[PDB]
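Please find one structure pasted underneath; my questions will follow.
Labels run A, B, C, D and E following the written order; every chain starts at residue 1.
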Amino acid sequence: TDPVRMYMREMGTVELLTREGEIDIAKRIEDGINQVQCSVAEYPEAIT
Amino acid sequence: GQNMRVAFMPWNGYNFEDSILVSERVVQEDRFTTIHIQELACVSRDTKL
Amino acid sequence: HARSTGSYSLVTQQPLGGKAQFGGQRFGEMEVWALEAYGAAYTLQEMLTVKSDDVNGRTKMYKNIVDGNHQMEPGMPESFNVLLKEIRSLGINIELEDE
Amino acid sequence: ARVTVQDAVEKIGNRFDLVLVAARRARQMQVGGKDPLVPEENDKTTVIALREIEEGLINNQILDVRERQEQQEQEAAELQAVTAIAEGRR
Amino acid sequence: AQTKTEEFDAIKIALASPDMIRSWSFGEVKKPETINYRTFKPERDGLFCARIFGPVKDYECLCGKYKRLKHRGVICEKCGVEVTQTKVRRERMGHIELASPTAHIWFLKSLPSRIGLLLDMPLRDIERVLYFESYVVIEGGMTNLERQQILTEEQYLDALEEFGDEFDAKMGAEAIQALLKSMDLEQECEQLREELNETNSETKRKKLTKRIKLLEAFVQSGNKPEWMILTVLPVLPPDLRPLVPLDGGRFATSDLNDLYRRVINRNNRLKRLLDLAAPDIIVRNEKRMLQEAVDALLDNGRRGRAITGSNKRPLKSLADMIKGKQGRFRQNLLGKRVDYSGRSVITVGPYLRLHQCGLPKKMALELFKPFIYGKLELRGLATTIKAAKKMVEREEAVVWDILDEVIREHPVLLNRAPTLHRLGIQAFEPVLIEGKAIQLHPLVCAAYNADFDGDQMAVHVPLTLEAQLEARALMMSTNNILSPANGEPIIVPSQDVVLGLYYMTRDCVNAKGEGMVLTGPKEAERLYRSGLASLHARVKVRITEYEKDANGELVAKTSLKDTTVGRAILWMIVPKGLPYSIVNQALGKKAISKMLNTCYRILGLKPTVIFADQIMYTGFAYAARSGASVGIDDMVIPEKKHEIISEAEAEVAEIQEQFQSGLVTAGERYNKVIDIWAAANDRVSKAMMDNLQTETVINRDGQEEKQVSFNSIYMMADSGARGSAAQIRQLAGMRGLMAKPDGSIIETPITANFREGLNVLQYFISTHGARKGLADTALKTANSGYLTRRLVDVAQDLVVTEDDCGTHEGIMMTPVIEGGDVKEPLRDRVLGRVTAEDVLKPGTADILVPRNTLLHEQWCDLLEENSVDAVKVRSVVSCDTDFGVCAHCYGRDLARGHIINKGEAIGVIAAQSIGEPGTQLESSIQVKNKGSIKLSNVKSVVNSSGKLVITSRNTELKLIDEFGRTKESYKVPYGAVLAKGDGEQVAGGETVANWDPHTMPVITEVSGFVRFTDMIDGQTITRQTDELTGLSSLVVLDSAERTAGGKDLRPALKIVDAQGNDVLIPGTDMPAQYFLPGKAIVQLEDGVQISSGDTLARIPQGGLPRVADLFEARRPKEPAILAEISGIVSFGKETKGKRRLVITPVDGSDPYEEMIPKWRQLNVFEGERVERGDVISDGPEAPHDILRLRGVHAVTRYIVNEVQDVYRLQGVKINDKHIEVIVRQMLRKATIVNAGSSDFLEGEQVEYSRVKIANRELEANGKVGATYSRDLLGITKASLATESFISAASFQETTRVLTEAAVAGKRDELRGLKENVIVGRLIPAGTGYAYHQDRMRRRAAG
């Protein structure tokens, strides 16, 4: 089968990040959502 | 399957190609009467109706 | 074995045997050559439509026998009607064009 | 003709055209009345139609001439109705 | 104009548009749902639906609120279901909206790729983009990448940073759709035609022409390359892929339903993933399987192989429904179930007539079931249909009376499996007989391959008046007394009938009652049945015979004839319009068959049918009166059987002494010992025909012994009723020789006959041939059945179009003579054929024989007295008749007594006439007439032995008679011995020239000793056995099987004198060294002295497969070399043992050269004037080479003669007209030389170019005369080139044809016979031919 082989080869290039490497990405997620939440708070219609 | 009287002679087209004649005595005397037992099944089934 | 009319199969609307009456005799392509070699045209027409797959053909022709008409009045056989939908489902346009 | 049809084939020509000519005559005797030209000594409609070809009483030419007459006889005996209809349409 | 009329004439196939798919659809399938587990009903918007496809019940809604047939076409507001019949679920379709564009498998994987050829890109480059591995460039400008460039992710990243914006490149199937979007079809065709001007090429030109042929066909139809990638996917109706509850309770679903679910599932997931965060890795992988999901749905057997959810089987895809030996396209012909049909075991019917059959009572009541109900309510016996049903089931006495009335005058067809020819289905008028078995007429049983031992026949009943008439006028046995294969009658008495007439006509020495005068043939019956005279003995009888008058009929000649009592009674059976001389002789199968053949043309069709039955009735009666019985005493053994055997038994032991001594070698013993037993087997067989043939001896009148034996076995053999002379050999005389598993014949044959007890070893020996011969018979029907299938598919679409074709051109017909014996005379060959040119032969005074007329059986008799030779008659090959045969310029119908009427399919009869009897599948010139041998171009040289061997390439033989004229013409090849030289008188029956038929000898010029220079044993030459001279001889091997040690060695014989020096060849001072080619066999040894004329070395050159090989036009292993251009031709240069032929005429240009293999022996030496089509290498000729040079006439007669030679040896009679029909189907499709309208190569029909050339040279604005060369295509090479996609996909590969028809946009107008069988329309042949002409004429006007 073809579709089974190359899928394992696409994610094979991407290496696993562990421990404190996961937190580095996780910190950008929560700071990314908070920046959006700051933009909604600044908008006057959102309060209305 | 029993044995009968056999005569190798042409007839009036009743033994054209491999065809074999029989006497009424073959039918009268049970010499080629075969018994056949047959099975017939009736199944009562449960349906959605 | 002998059959005039009876039950028909689901996927293809051609004769099928099971109960009461026996199954019909298959008219193969070797038998088709014979009628093609002969001047026969209406007999093969019967073998393909009213005796086989044609749904509207068989019942309408059967009533003509009882009435004393002996007329075919053939149409589209179910052997080709299924074939048309199978090509359309592939993604290839197939249509019937008039005169 | 029950056994051989050769006597009827010679009258028209083609064996296939013989079928279509006799089929028109058979269907006329089957549904639309039509009295047999050749004395009906039992037999079915398929053979009686071939009996008329052998004597030379029915043909593709003869069937067309008689169909022209029957169409015009049903036209003249119904002209009274057609003329009335056409007046209301205009 | 009509809009709602469904009467179609043509069907077209093209690519479907995404908007066009929505037109077929009635709703969108968004859910993979089928049926609820609680209530068995369709669900919301799944595969099975009532809102989209239709209601499950007849005229009802899902809930059950809307009931009765009252509501019609009402759209529900509660459910959304249209109140209609459930047959709507069989016609209505759905659609699935794809989130991502997925490619079609039929246009991608199917070779040589429809998407690939259109974009000029290999499949490896397309798949890597589609599969998501690399990017592809669509738009180009100043980005250095131009077009169709494959780029990796790392290459694409750097390329965008340098340029970007204006640069456009996408990834996946979206890129391919965009690539087909941007391409301009109008400008691509202009660029390709410009480049094909200076650089043309030859082999690489084919792929450039392939692109143009694909592009030009794409624009003219208007398919648009954008629809190649699927965006909207159509769905099948639920009825075709059903979920039905079975008898048990477990459901049964189609494999299509399982495939459709695994398409929607990932389609719904992709719609989710595109809005719920889209990482490329997962999104590309979901698009990867979605493309595979459609691929598995359409054609599963291409990319991977899908497995069913519960079963371990490949699922039936959409492509697998059409093809797969048994599908939907192929079941239209073969797998067709038929109503009004019966089947029973066959039985004899001697009391029945030729037009009568013995159909069973209970079968006929079941078959004519609706016919009974029709003529029961009409009579006033039954009230209604249901009351008539009860009368039939109860088997009432009155029903049997009505049943006989309906059956009378109603024909019934009888079919037997298998049908090889058309006579397998014949109509008969049934006679009601009680029993479960069907009775068949003994005479028509010869037409079928039937034997009353356990055979079954299909019983078909026609329904309509048209069907009833074409059964009586065409398919009736009385109308079909002759065979369609040959002019000889097929309905011929056999077995019992032949034996009855044989005993009746044969005479004895002195039987009861002899020397009486007898008043009429009536008194002959008065004596026999009473008991006063026997059937035999020569008794004078008064007879009144009626001969045919010139006008007919008044001739009544009465004379006293010297016949027997039995011959006089049979005259009463013989009709009036037939001579008495035909019944005067002792009648056998050969003689009785001549009676019906003569009775047909002299009287007619009706008189011979009544006579045919009258022979049968009388045949059985007198066969019963005779009382022939096969006894053990009738199996007479020759007087001195073991006496002959003993003379040959120890004669083998005599050569066994030579086996050990060395007089006769071990290899020469086997073929010499076997000749003794072969001569002994014939000696016993000839001695057997003395104690069985004429063994009577005891004669009461006189003292004589000469009489035909009254033995029961000989009576069956001499008459030809049952059992030939070969069968009698094994039973009474000797069985003969048997074969080994290898193929060789066993040393000692079986001496014991079937009269005595065979040995245990002898019986085990005889079993090999029994289990090998019948094993060949088991696959004989399969091989010949495929041969019948092969010949049909190429010639089926051929019918008679015109009554006469305006060409006075045909084929030269000469009686076939092999060496010095006539196989078939002119009468049998030119019978039926219509002449093209008048008879101009002088012999008897007359005013010309008219042309363009049918040659009657009596008209051919006139040509016999005049002795006519070489008559050019109008044939099937030479026809310029649009699309078909031209009736008059063809010949007679063999089944009928006149010309074949227009409309009848010739090609179907022609294929069946050869496929049916296919189941049964010179060296020295001798002169009889006195004269004198005169020789020209003689180069003969006398050798040491005393053989006049000629040293010339071309030699002809001529005879000079008493007056001084040439009598016979014969050709003499190289390496032949002549008996007499120039001007020598010959006697009646003497051989003048002799040579070995299967060899090519090499003759030396100089005399002396033989040297073996460069002839090292083992390295170049090997030792085996020559099978012609023979003994142990050296074999020269070609440059392929030689060892690595001796690479550069030339095999040649050097001629030296007594001293050791070379004897020079007269002419050049070069040493004598004859270079020997490969395969050649050397007979001479080292040191042996030879004279001028001695041979140095000799160079060596089935049944049903042979017939199949000739019809397929396959070239032999060793093709014959022929000269191509006429003129002064000379050889050029040399290599080792080969010559390069340079052919140059006298006129302008003419640049031509040839290359010839080394082992070939030529028929020209140096500086020879050779013509077009001359033999250079002797042996088999290539079918393509004859058409290339000799023309389109010598090749056509080559196919006829070579095929007939196979059937003549087996004993089969097939006319030459049937073969030439298939030949015309081989010659079709021709290559164009001159520029006309489209390309140079291509593929256009001969008549298609003939319509073109007739239109271009006069009008149509072209003025160019397109020159064409005829091409030969052997059946399968011609059957692929049909101008119909419906006809092609029937026997050819389905997926290739349907894709080719879609891209080109082909239209099938339904003209072929096979085309109309599939669609369910009338055949453009026979009865439907007159119907078809009514619609074809109204296409131009309207």
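Note that a residue touches a chain if its C-beta (ideal position, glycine included) is under 8 Å from a C-beta of that chain, and two chains touch if they have at least 3 such contacts.
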| task | Identify the chain whose mean C-alpha position lies nearest to the mean of all protein C-alpha atoms shown. | result | E
| query | Just how far, in Å, is the C-alpha centre of chain E from the one of chain A? | reply | 72
| message | Using Cα averages as centroids, what's the distance between chain A and chain B in whole Å? | response | 86
| remark: Chain-centre distance (mean CA atoms) for chain A and chain C, in whole Å, is 64
| task | Mind pulling the residue numbers of chain C that touch at least two other chains? | result | 39, 41-42, 68, 70-71
| query | In chain E, what residues contact two or more other chains? | reply | 465-466, 468, 470, 473-474, 903-904, 1326-1327, 1329, 1331
| request: Going through chain D residue by residue, note those that touch at least 2 other chains and give them in order. | output: 15-16, 19, 27, 30
| Those chain pairs that satisfy the touch definition | A-E, B-E, C-D, C-E, D-E
| message | Per the contact definition, I'd like the list of chain C residues that touch chain E in the complex. | response | 1-6, 9-12, 14-16, 21, 23-55, 58, 61-62, 65-68, 70-72, 74-77, 79-83, 85-99
| query | Which chain A residues qualify as touching chain E in the complex? | reply | 1-3, 6-7, 10-11, 14
| remark: Counting only contacts in the complex, chain D reaches chain E at residues 1-9, 13-20, 22-23, 26-27, 30, 42-47, 50
| Of all residues in chain E, those that touch chain B in their complex | 39-40, 247-249, 347-351, 442, 445, 451-453, 495-496, 499-500, 616, 620-621, 623-624, 626-630
| message | Help me check something: in the complex, which residues belonging to chain B touch chain E? | response | 7-19, 45-48
